[PDB]
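Report on one structure; see the data block that follows.
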Amino acid sequence: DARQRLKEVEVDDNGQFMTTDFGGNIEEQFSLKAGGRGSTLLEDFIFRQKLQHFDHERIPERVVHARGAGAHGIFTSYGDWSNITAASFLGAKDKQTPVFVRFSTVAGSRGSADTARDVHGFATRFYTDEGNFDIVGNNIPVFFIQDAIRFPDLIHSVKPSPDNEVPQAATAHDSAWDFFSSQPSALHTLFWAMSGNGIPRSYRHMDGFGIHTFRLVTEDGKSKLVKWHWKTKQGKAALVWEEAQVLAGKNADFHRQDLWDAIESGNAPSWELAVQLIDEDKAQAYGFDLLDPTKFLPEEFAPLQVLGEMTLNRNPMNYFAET
Amino acid sequence: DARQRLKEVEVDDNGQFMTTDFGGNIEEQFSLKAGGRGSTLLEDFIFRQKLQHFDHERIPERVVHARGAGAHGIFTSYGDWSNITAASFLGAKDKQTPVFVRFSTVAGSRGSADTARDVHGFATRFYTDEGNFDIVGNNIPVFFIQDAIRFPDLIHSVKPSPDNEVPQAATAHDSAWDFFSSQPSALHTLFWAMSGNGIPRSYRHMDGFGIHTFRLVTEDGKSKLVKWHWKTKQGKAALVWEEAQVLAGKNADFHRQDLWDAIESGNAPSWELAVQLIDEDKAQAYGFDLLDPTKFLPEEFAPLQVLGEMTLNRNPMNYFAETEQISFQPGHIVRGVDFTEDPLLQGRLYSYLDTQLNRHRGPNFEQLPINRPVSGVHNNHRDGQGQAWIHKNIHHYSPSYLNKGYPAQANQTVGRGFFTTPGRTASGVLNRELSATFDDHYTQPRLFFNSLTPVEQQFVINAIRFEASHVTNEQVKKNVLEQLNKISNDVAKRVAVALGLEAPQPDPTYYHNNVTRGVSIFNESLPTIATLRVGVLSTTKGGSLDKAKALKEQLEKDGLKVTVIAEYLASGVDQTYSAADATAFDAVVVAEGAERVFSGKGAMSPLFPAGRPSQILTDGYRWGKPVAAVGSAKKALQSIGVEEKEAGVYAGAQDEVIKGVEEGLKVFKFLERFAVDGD
Amino acid sequence: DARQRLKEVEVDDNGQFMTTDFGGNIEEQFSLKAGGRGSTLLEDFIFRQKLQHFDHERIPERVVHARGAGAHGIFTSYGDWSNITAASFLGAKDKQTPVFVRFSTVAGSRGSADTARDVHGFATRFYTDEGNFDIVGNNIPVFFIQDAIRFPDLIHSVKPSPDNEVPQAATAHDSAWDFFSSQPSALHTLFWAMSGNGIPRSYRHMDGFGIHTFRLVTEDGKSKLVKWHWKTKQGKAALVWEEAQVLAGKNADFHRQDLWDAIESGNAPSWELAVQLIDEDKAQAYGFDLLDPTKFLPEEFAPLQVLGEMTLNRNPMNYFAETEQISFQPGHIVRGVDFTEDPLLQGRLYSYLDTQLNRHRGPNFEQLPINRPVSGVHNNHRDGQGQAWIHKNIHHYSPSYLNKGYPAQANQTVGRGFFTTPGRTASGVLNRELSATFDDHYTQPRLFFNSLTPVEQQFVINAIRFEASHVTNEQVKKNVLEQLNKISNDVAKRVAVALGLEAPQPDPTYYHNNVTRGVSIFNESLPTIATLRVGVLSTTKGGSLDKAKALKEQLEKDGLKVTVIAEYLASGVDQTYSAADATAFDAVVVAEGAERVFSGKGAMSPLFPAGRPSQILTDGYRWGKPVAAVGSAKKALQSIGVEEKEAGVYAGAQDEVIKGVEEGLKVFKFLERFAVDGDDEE
Ligand code: HEM
Ligand code: HEM
Ligand code: HEM
């Protein structure tokens with residue numbers, strides 16, 4: 001069970017009496033009143049502890065990728081990769097590591113539709129025996145901008161107009177295409193989002209990418225440049241736009257339902273973790289700069305090496321507490 | 001200008017150089033790096049001040065009514081109403097008060113669709129010269145539950161299931177119908193939410209309600225019970241469900257865009273404010289207890305008395321700072337108004353103050369520009385997070401010799417202070433109970449259903465059929481049917497058909513045939529057609545476009561917003577078939593010559609999805625809209641099997657079509673096209 | 001008026017009726033009850049709105065420097081300094097810029113005593129017309145550590161033990177001296193805090209330092225390394241430890257009251273802004289690395305050059321909204337100034353921005369009235385908790401056709417934008433290390449100790465003796481002694497005596513005899529005695545009060561604040577003996593006739609604790625203050641064993657005493673009254 005360590009915080013209310021948050025059994029279906037048809041008393045601590053908790057349930061949604069869904073699973077390494085990396089979770093054949101993965105769109109708020117056209121998030125945590133390692137990736141291998149200081153400009157232009165907060169979860173408005181045409185680095189990702197990558201059939205039918213070049217480092221300090229790749233074993237599949245639009249209204253939850261159903265039915269999705277490995281002296285040798293996140297490395301120049309496999313096989317118990 | 005007081009906080013960036021938030025001009029398009037392809041430096045204060053503010057832009061959404069939109073305006077009183085209330089904003093004829101109104105759904109999160117089926121919020125702030133007065137109401141006059149302690153139970157059951165957070169902005173799932181049938185008080189508001197009130201055409205086509213009975217109080221402490229009503233000057237209007245579903249996908253912003261456009265185009269919407277006034281000794285005189293928020297007062301017993309009118313004529317300048325940040329409270333009460341012992345209202349007073357602590361993370365949210373009163377704040381409150389003022393009075397306590405008695409106390413007799421209705425009494429034991437006067441949950445649901453037109457009744461039954469068919473648990477569906485049967489055996493039989501369950505035996509305890517006025521939507525044509533939208537389907541080939549323009553210029557003379565649609569954005573074309581959908585329009589008319597895109601090669605084009613012009617006309621017809629074609633374009637009507645003999649179908653020359661469509665827009669929906677059980 | 005810009009947010013409640021926070025007149029002295037002796041109603045919206053605001057009054061104190069006080073004022077440049085800096089506030093002779101300054105201790109929480117022994121903060125905001133410029137400084141020129149990543153270690157060890165939260169506002173405990181001996185770079189700031197700088201007489205009697213080397217940058221991009229200095233016009237003055245301890249109990253607000261009183265009485269304090277300027281090519285040329293914040297630059301190598309003067313002349317109107325809420329940042333930098341690669345400075349830039357999110361619970365704290373610039377804020381920032389503005393530009397991003405390029409980019413040549421020093425370069429491997437140029441932790445502590453007067457040195461040894469003797473762990477104490485011995489063998493031996501430990505052998509690697517100017521306090525008399533306080537001990541019986549009133553009047557003509565003390569608040573009495581203490585005054589004068597209360601019947605009275613007049617005179621003498629007696633009051637001096645011709649003791653007629661006491665206030669502390677090691681030997 002990938003969720004094994006979380007059983008100690010699970011709370012079972014079956015067969016119990018209602019309590020306050022500081023203990024003691026209660027009833028909480030009637031306010032305390034001063035007479036039959038009377039006012040509610042300030043001394044009804046039961047009312048106020050129950051309503052205070054409700055009044056304070058919400059926390060800010062993520063600034064981007066607010067709409068998403070996730071699940072637990074296991075990563076298994078196919079080998080002892082110590083010749084390219086000292087990373088413990090890649091250190092032995094068949095070594096297993098718990099994961100959690102969250103998938104998402106980018107622009108829309110918490111309740112926007114799964115089948116909006118957008119870049120999609122693909123964030124993986126490895127709960128390794130040497131710390132948590134996240135690959136915070138997208139379903140498209142390149143990003144809109146070349147410098148992090150421009151992120152608020154990109155996001156502001158794609159998110160709704162600040163005077164009336166229209167349109168929800170959509171790049172089809174003036175400010176977005178103003179930014180895309182004024183900041184031409186954005187054209188590459190734009191083309192990806194305009195393709196089937198912008199309206200996938202489901203989370204299980206997407207690849208994932210780290211985008212950035214990272215480094216793998218061995219015990220003695222030898223380094224290689226690396227691109228992370230998630231290759232779906234379900235195959236890539238996309239919708240067409242006129243169908244995605246109706247689906248946004250007939251079932252805003254289409255993707256999170258699809259993931260939930262696949263896992264519950266025992267059809268856990270899988271992805272292979274793979275890498276392109278580049279020598280340090282070739283960082284600029286392939287017709288672009290590998291520090292430039294608006295470019296991907298064509299596989300003909302550096303084929304994928306398969307490190308292992310991840311399977312997502314347990315749904316969360318409480319969406320808020322986990323996802 | 002209703003927004004006049006906000007001018008002093010507006011920031012103009014035209015012609016300015018970029019700065020940090022602490023002054024000094026900067027550039028902020030490149031991170032500071034150690035060498036040409038180097039790492040970013042911690043000492044880049046520009047980068048970090050910019051991203052820190054971005055990183056922290058979001059605040060928690062409202063716990064309920066997260067999806068909404070609002071606007072500024074002016075309320076005008078029609079009279080000096082001092083004989084019924086001491087409230088200052090009602091104190092003189094033609095007296096004007098700025099307002100802000102926010103409309104909303106209830107269940108869905110921010111970003112969920114406007115045209116989800118739901119209760120709708122209708123919340124008004126009056127910035128009166130004696131404080132902010134909020135009427136925090138809904139578009140439905142009754143609520144699901146009788147005691148505020150039950151609100152989390154209602155909301156949890158209706159909001160997404162907590163394991164997978166499915167479904168968004170919908171009551172069509174097990175937990176909601178488990179609550180509705182386990183808590184039968186909820187049946188009245190449910191029936192309303194299943195009627196046209198759950199899928200309104202726009203915010204501007206809703207009535208509003210305070211729901212609760214309040215008190216109006218004169219200077220001497222004499223009180224009247226009161227129900228607040230907003231009556232839309234635009235008329236009530238509703239979609240049909242199969243349309244609202246597509247619209248939720250084609251335009252999640254349909255209602256906020258509609259409000260915005262109406263105000264921008266100078267077609268400001270209006271509501272009259274009206275009251276039902278009841279003597280204190282009649283609180284239990286009308287077949288129910290006026291302390292009970294699951295019942296409304298039939299207008300036959302107390303007619304609506306018009307007090308004034310509100311017009312929303314200013315859009316906000318920044319949505320977040322104004323609409324997202326505004327903090328409504330039913331406890332925002334002023335002299336001349338008082339509460340009642342309504343157990344739902346009673347607990348609301350605690351919850352709305354408390355919840356701002358979460359949403360604004362501090363106690364000083366009333367100092368935000370959109371929350372400030374215009375009347376002046378003078379008290380001994382100090383400090384707290386984000387304290388925006390600097391107080392002069394060192395002696396921040398009372399009583400005190402050193403501050404000479406200021407700020408001073410105000411009550412009924414001195415200083416126009418607030419005061420509780422002098423005659424209210426408490427009597428009896430302290431109890432955790434509800435009055436037995438609250439026990440009838442079935443009569444008024446039956447009263448509401450009785451008072452709708454036959455197809456309007458069919459819409460309610462079809463909403464229930466749709467929703468309850470999503471409930472996976474068989475026993476919950478039987479429980480729903482048992483409860484519905486107590487309202488009307490015929491409703492239960494008709495719902496049970498969809499669910500595959502047996503028609504239950506009549507349970508006549510609460511059955512009755514009474515009707516009441518003012519709850520129907522579809523029994524009344526609209527008073528105006530201004531701002532309603534006409535989709536004119538055309539084509540770039542031949543001379544159809546010049547005719548569409550002529551057609552457009554005439555329709556606009558009546559105040560319609562007209563969109564000419566064609567294959568691409570040729571001169572005179574407002575929208576492409578690719579971008580177009582029937583859900584955007586109140587009427588669809590095919591311009592002459594455009595029949596060439598309804599069959600053959602004209603219908604097969606890379607520029608729009610296959611069949612799109614036919615789908616728009618088919619949708620418009622099946623959703624009950626006025627539809628039309630000029631001249632030869634009648635062939636487009638034939639291509640989808642629609643005949644000119646039908647109500648709300650118009651063909652012929654241009655002038656005959658304009659007149660027909662314009663009369664059809666007042667009917668708005670042609671209910672002839674919707675099948676009724678056994679007809 | 002330096003507070004002028006804040007007048008638009010000031011709320012006047014006089015002549016008004018009480019309201020709620022959303023308007024509407026109310027009464028709020030009775031809860032709404034269900035019956036005459038009934039329970040309080042939940043529908044009492046007035047009760048809850050009032051108590052909710054009260055319940056939420058507090059915000060987190062500052063993580064360090066929680067205890068302090070501030071005031072508004074004006075800075076005036078003495079010239080056009082464009083030849084060394086493009087900084088606008090230094091751009092023209094007699095150019096005036098509003099300021100706010102907050103002084104503080106470091107370790108104690110919000111309610112701790114002003115006269116705890118500690119380093120002291122000295123933070124100045126310049127509200128320049130090109131943004132807010134902050135110099136976030138201390139009253140000591142060197143800091144404990146060399147790398148900012150070590151700041152939580154330093155602060156954890158000095159703050160109270162995490163099991164019982166003991167001791168408050170003090171380094172006299174095991175963990176602090178464990179850190180000082182385990183992290184020897186700390187020893188230099190330690191010596192300064194063990195000197196008079198640890199217990200200053202007032203905020204007005206402190207010098208201030210930016211500590212770090214910064215850069216001044218001209219328009220064409222040429223740079224010079226700079227150290228910032230505040231030179232107090234009131235002179236440096238310090239207490240003695242045994243007096244500061246009693247003062248912490250008798251008046252924990254001594255420093256903030258002192259400052260408030262100086263400003264209310266029209267005696268606004270001033271400091272001159274001075275710099276040291278160093279060529280870039282000489283950063284490592286003075287026996288240490290100028291990127292090392294544990295070193296200062298001797299004035300003999302680079303003299304102070306005065307640029308302007310700052311005067312604090314307006315008290316806050318609401319302490320919380322101004323002093324508590326103000327958010328200083330060394331990242332508050334403007335065109336014409338730049339950072340250096342000082343690894344302590346580097347991490348501060350991150351820390352002060354981040355910590356504001358904790359203290360203010362949101363990102364809009366620069367919108368608070370006390371934090372607002374006077375020069376204008378124009379950017380694409382939006383939203384956030386407590387957003388106080390309504391932005392008009394709906395195209396909140398760059399680059400953009402739709403907003404016509406506005407707000408526009410500003411850089412070195414366009415729009416007077418900030419720019420990093422053009423010549424700065426990075427070279428070599430990414431590393432988690434410190435330059436070996438930082439390695440000497442003992443030479444400058446030895447230089448500092450060498451530069452104090454003999455009794456001033458004894459104060460340092462006695463502070464260490466006091467503090468180290470609170471250390472329960474024997475080995476920590478030996479560790480401290482070994483480290484002290486690397487600075488000075490005689491210091492280590494004198495400290496070891498108090499600890500009962502063996503005199504260590506000389507370890508002379510860092511020993512030297514060099515001295516420097518400008519670090520002593522007691523080797524220079526005060527340039528003025530304005531605002532200094534004289535307690536006049538008198539009595540209600542006989543003619544003493546009339547004489548005391550005449551003494552006060554003459555002393556006030558010289559700018560002194562005079563308190564006449566007696567048994568009860570008779571006419572002309574400012575304070576009772578029960579309420580009085582020597583710690584409140586800089587000189588103690590017994591009025592003629594008041595000898596009555598120093599022995600016999602007059603000394604035992606129900607109106608004050610037994611012996612209190614004698615104790616006030618005894619404390620005043622033993623703590624080094626000028627003390628005096630007019631006429632027959634000389635018996636009060638005799639009754640505590642004080643001779644009339646001692647240094648700093650004045651007896652005689654009224655006029656000779658006034659003259660003697662005014663002279664002695666310039667000396668301030670009479671250091672002949674403190675024994676030095678070796679004095680008691682037989
Ligand atoms: C290669 C480019 C990028 C990728 C692949 C990416 C991916 C993601 C993903 C998948 C998430 C959602 C993780 C989740 O499900 O919780 C996320 C959230 C976020 N991203 Fe990025 N992003 C990129 C660029 C940026 C940049 C340049 C910034 C800012 C400098 C940024 C700031 C954020 C923030 C602040 C969040 C919110 C995270 C939270 O609240 O937990 N992203 N991003
Ligand atoms: C007659 C019954 C009710 C009506 C007409 C009503 C109406 C509304 C409306 C219109 C809003 C949105 C205000 C806005 O647009 O910002 C709202 C929000 C809210 N309601 Fe109610 N509601 C009712 C019952 C309740 C009850 C029983 C509770 C709890 C005891 C409650 C708690 C809340 C809270 C906490 C919010 C969020 C307020 C904020 O964050 O600003 N409501 N309600
Ligand atoms: C030369 C070294 C330093 C000096 C002169 C200095 C000075 C000061 C002063 C004067 C204050 C109080 C400002 C006020 O009165 O509000 C302060 C606060 C503070 N310091 Fe430093 N400090 C130094 C080192 C550091 C370091 C290395 C760090 C962390 C890396 C740090 C973190 C802080 C924080 C977080 C605050 C609280 C600020 C706030 O809450 O507004 N300091 N410092």
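Chain lettering (A, B, ...) mirrors the order of the structure tokens, residue numbering begins at 1 for each chain separately, and ligand numbering begins at 1 in order of display.
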
Next on the checklist: Within 7 Å of ligand 2 (counting only C-alpha atoms and all ligand atoms), which residues show up? I'd like them as a PyMOL selection string.
Outcome noted: (chain A and resi 51+55) or (chain B and resi 62-65+68+102-104+121-123+136-138+142-143+148-149+151+210-212+293+326-328+344-345+347-348+351-352+355-356+359)

Serialized selection, N, CA, C and O atoms, as a tab-separated table (two decimals), in the first residue's frame:
chain	number	residue	atom	x	y	z
A	51	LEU	N	-19.55	25.98	13.64
A	51	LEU	CA	-19.60	26.95	12.56
A	51	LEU	C	-18.26	27.64	12.35
A	51	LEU	O	-17.93	27.99	11.21
A	55	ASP	N	-16.66	27.94	8.79
A	55	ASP	CA	-16.35	29.26	8.25
A	55	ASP	C	-14.90	29.35	7.77
A	55	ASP	O	-14.60	30.20	6.93
B	62	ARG	N	-14.71	32.47	-1.12
B	62	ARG	CA	-15.78	32.39	-0.13
B	62	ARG	C	-16.18	30.94	0.09
B	62	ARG	O	-16.22	30.15	-0.86
B	63	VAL	N	-16.50	30.59	1.34
B	63	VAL	CA	-16.86	29.20	1.66
B	63	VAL	C	-18.12	28.76	0.91
B	63	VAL	O	-18.24	27.60	0.53
B	64	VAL	N	-19.06	29.68	0.69
B	64	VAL	CA	-20.20	29.44	-0.20
B	64	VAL	C	-20.33	30.68	-1.06
B	64	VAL	O	-19.86	31.76	-0.70
B	65	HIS	N	-20.98	30.53	-2.21
B	65	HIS	CA	-21.15	31.62	-3.18
B	65	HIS	C	-19.81	32.09	-3.74
B	65	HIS	O	-19.63	33.28	-4.02
B	68	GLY	N	-19.20	34.43	-8.54
B	68	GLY	CA	-20.11	35.56	-8.55
B	68	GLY	C	-19.52	36.76	-9.26
B	68	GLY	O	-18.33	36.78	-9.61
B	102	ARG	N	-23.59	42.09	-5.53
B	102	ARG	CA	-22.88	40.92	-6.03
B	102	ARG	C	-23.90	39.79	-6.19
B	102	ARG	O	-24.70	39.55	-5.29
B	103	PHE	N	-23.89	39.16	-7.36
B	103	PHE	CA	-24.72	38.02	-7.69
B	103	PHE	C	-23.82	36.81	-7.75
B	103	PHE	O	-22.63	36.94	-7.99
B	104	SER	N	-24.38	35.62	-7.55
B	104	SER	CA	-23.54	34.44	-7.38
B	104	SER	C	-24.37	33.18	-7.56
B	104	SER	O	-25.60	33.23	-7.54
B	121	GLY	N	-27.22	33.85	-5.35
B	121	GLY	CA	-27.14	34.95	-4.41
B	121	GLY	C	-27.46	36.27	-5.07
B	121	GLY	O	-27.22	36.49	-6.25
B	122	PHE	N	-28.03	37.17	-4.26
B	122	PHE	CA	-28.39	38.52	-4.68
B	122	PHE	C	-28.16	39.40	-3.44
B	122	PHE	O	-29.05	39.56	-2.61
B	123	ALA	N	-26.95	39.94	-3.33
B	123	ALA	CA	-26.50	40.63	-2.12
B	123	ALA	C	-26.26	42.10	-2.40
B	123	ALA	O	-25.49	42.45	-3.31
B	136	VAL	N	-28.57	40.66	2.30
B	136	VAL	CA	-27.77	39.55	1.78
B	136	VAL	C	-28.78	38.46	1.43
B	136	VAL	O	-29.16	37.63	2.26
B	137	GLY	N	-29.28	38.50	0.19
B	137	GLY	CA	-30.39	37.68	-0.22
B	137	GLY	C	-30.05	36.72	-1.35
B	137	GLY	O	-28.91	36.66	-1.83
B	138	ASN	N	-31.08	35.97	-1.76
B	138	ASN	CA	-31.01	34.97	-2.82
B	138	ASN	C	-32.11	35.26	-3.84
B	138	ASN	O	-32.99	36.10	-3.61
B	142	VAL	N	-37.10	31.18	-0.12
B	142	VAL	CA	-37.04	30.28	1.03
B	142	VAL	C	-35.69	29.56	1.03
B	142	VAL	O	-35.03	29.46	0.00
B	143	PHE	N	-35.30	29.05	2.20
B	143	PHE	CA	-34.03	28.34	2.33
B	143	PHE	C	-34.25	26.90	2.79
B	143	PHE	O	-35.32	26.53	3.27
B	148	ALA	N	-29.55	27.47	11.81
B	148	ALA	CA	-28.24	27.75	11.24
B	148	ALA	C	-27.18	26.71	11.62
B	148	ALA	O	-26.19	26.57	10.90
B	149	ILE	N	-27.36	25.99	12.73
B	149	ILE	CA	-26.38	24.98	13.11
B	149	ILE	C	-26.27	23.87	12.06
B	149	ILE	O	-25.29	23.11	12.06
B	151	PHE	N	-26.23	24.39	8.69
B	151	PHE	CA	-25.66	24.86	7.43
B	151	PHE	C	-24.46	24.03	6.97
B	151	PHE	O	-24.40	23.70	5.78
B	210	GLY	N	-34.91	38.88	0.66
B	210	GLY	CA	-34.17	38.74	1.91
B	210	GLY	C	-34.40	37.42	2.62
B	210	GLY	O	-33.63	37.07	3.52
B	211	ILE	N	-35.44	36.68	2.22
B	211	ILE	CA	-35.88	35.41	2.80
B	211	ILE	C	-36.43	35.61	4.21
B	211	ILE	O	-37.64	35.45	4.44
B	212	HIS	N	-35.56	35.95	5.15
B	212	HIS	CA	-35.98	36.07	6.54
B	212	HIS	C	-36.98	37.20	6.74
B	212	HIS	O	-36.95	38.23	6.06
B	293	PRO	N	-37.85	30.25	7.95
B	293	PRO	CA	-37.35	30.66	6.64
B	293	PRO	C	-37.58	29.66	5.51
B	293	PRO	O	-37.13	29.92	4.39
B	326	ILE	N	-15.17	42.34	-1.42
B	326	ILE	CA	-16.26	42.91	-0.63
B	326	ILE	C	-16.79	41.85	0.32
B	326	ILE	O	-16.83	40.65	-0.02
B	327	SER	N	-17.15	42.27	1.53
B	327	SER	CA	-17.50	41.37	2.64
B	327	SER	C	-18.90	41.72	3.13
B	327	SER	O	-19.07	42.63	3.94
B	328	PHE	N	-19.90	40.97	2.64
B	328	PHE	CA	-21.28	41.18	3.03
B	328	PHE	C	-21.56	40.57	4.40
B	328	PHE	O	-21.00	39.54	4.76
B	344	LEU	N	-32.32	30.60	11.66
B	344	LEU	CA	-31.34	30.59	10.58
B	344	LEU	C	-30.62	31.93	10.50
B	344	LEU	O	-29.40	31.97	10.40
B	345	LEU	N	-31.39	33.02	10.53
B	345	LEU	CA	-30.81	34.35	10.57
B	345	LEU	C	-29.91	34.53	11.79
B	345	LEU	O	-28.81	35.09	11.69
B	347	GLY	N	-27.98	32.59	13.52
B	347	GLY	CA	-26.63	32.07	13.39
B	347	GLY	C	-25.83	32.67	12.25
B	347	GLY	O	-24.59	32.71	12.31
B	348	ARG	N	-26.51	33.15	11.21
B	348	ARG	CA	-25.82	33.87	10.14
B	348	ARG	C	-25.04	35.06	10.68
B	348	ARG	O	-23.96	35.39	10.18
B	351	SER	N	-21.69	33.92	11.73
B	351	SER	CA	-20.85	33.25	10.74
B	351	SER	C	-20.21	34.24	9.76
B	351	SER	O	-19.05	34.06	9.36
B	352	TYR	N	-20.94	35.27	9.34
B	352	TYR	CA	-20.39	36.17	8.32
B	352	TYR	C	-19.28	37.05	8.86
B	352	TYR	O	-18.36	37.39	8.11
B	355	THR	N	-16.22	34.52	9.31
B	355	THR	CA	-15.60	34.00	8.09
B	355	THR	C	-14.70	35.02	7.40
B	355	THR	O	-13.80	34.63	6.66
B	356	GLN	N	-14.89	36.32	7.66
B	356	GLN	CA	-14.00	37.31	7.05
B	356	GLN	C	-12.59	37.19	7.61
B	356	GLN	O	-11.63	37.61	6.96
B	359	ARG	N	-11.07	34.78	5.19
B	359	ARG	CA	-10.90	35.27	3.83
B	359	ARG	C	-9.93	36.44	3.78
B	359	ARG	O	-9.17	36.56	2.82

*Hey, which residues come within 6 Å of ligand 3 if we count only C-alpha atoms and all ligand atoms? Could you give them as a PyMOL selection string?*
chain C and resi 62-65+102-104+121-123+136-138+143+148+151+210-212+327-328+344+347-348+351-352+355-356

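With distances restricted to only C-alpha atoms, C:341 is the closest residue to chain B from C:80, C:586, C:94, C:341.
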
**Q.** Expected answer as a count of residues only: chain A residues within 12 Å of chain C, only C-alpha atoms
**A.** 50

Residues at most 6 Å from ligand 1, using only C-alpha atoms and all ligand atoms? Could they come as an mmCIF file with C-alpha atoms, in the first residue's frame?
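Everything below was put into selection_21.cif:
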data_model
loop_
_atom_site.group_PDB
_atom_site.id
_atom_site.type_symbol
_atom_site.label_atom_id
_atom_site.label_comp_id
_atom_site.auth_asym_id
_atom_site.auth_seq_id
_atom_site.Cartn_x
_atom_site.Cartn_y
_atom_site.Cartn_z
ATOM 1 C CA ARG A 62 -2.578 27.517 -5.999
ATOM 2 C CA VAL A 63 -1.539 30.654 -7.901
ATOM 3 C CA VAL A 64 -1.343 28.484 -11.055
ATOM 4 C CA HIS A 65 -2.445 24.888 -11.673
ATOM 5 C CA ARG A 102 -0.876 15.580 -9.179
ATOM 6 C CA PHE A 103 -2.144 16.430 -12.690
ATOM 7 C CA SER A 104 -3.620 19.827 -13.547
ATOM 8 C CA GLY A 121 0.747 19.877 -15.067
ATOM 9 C CA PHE A 122 2.353 16.540 -14.205
ATOM 10 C CA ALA A 123 4.001 16.754 -10.759
ATOM 11 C CA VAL A 136 7.446 19.258 -11.156
ATOM 12 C CA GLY A 137 6.699 18.810 -14.860
ATOM 13 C CA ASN A 138 4.154 19.587 -17.598
ATOM 14 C CA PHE A 143 7.811 26.535 -21.694
ATOM 15 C CA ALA A 148 11.519 33.301 -14.333
ATOM 16 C CA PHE A 151 6.279 34.484 -15.097
ATOM 17 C CA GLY A 210 10.768 18.073 -16.663
ATOM 18 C CA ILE A 211 11.449 20.721 -19.384
ATOM 19 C CA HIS A 212 14.659 22.030 -17.831
ATOM 20 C CA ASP B 55 3.374 34.196 -5.244
#

task = Compile the residues of chain B that lie within 7 Å of chain A, evaluated using only C-alpha atoms, and express the compilation as a ChimeraX atom specification.
result = /B:28-31,47,54-55,58-61,63,108-112,147,149-150,152,162-168,245-250,252-253,316-319,341,343,346,351,354-355,358,426-433,435

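Across stretch 231-283 of chain A, DSSP run on the backbone finds alpha helix (DSSP H) at residues 241, 242, 243, 244, 245, 246, 247, 248, 249, 250, 254, 255, 256, 257, 258, 259, 260, 261, 262, 263 and 264 of chain A.
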
Atom pair atom CA of residue B:220 + atom CA of residue B:85, distance 10.0 Å

Write down as an NGL selection string the residues belonging to stretch 12-211 of chain A that are assigned strand (DSSP E or B) by DSSP computed on the backbone.
:A and (19 or 25 or 33-35 or 40-41 or 68-77 or 96-104 or 121-129 or 131-138 or 200 or 208-209)

The distance between atom CA of residue C:365 and atom CA of residue C:7 is 19.0 Å

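Note that atom CA of residue B:49 and atom CA of residue C:291 are 25.0 Å apart.
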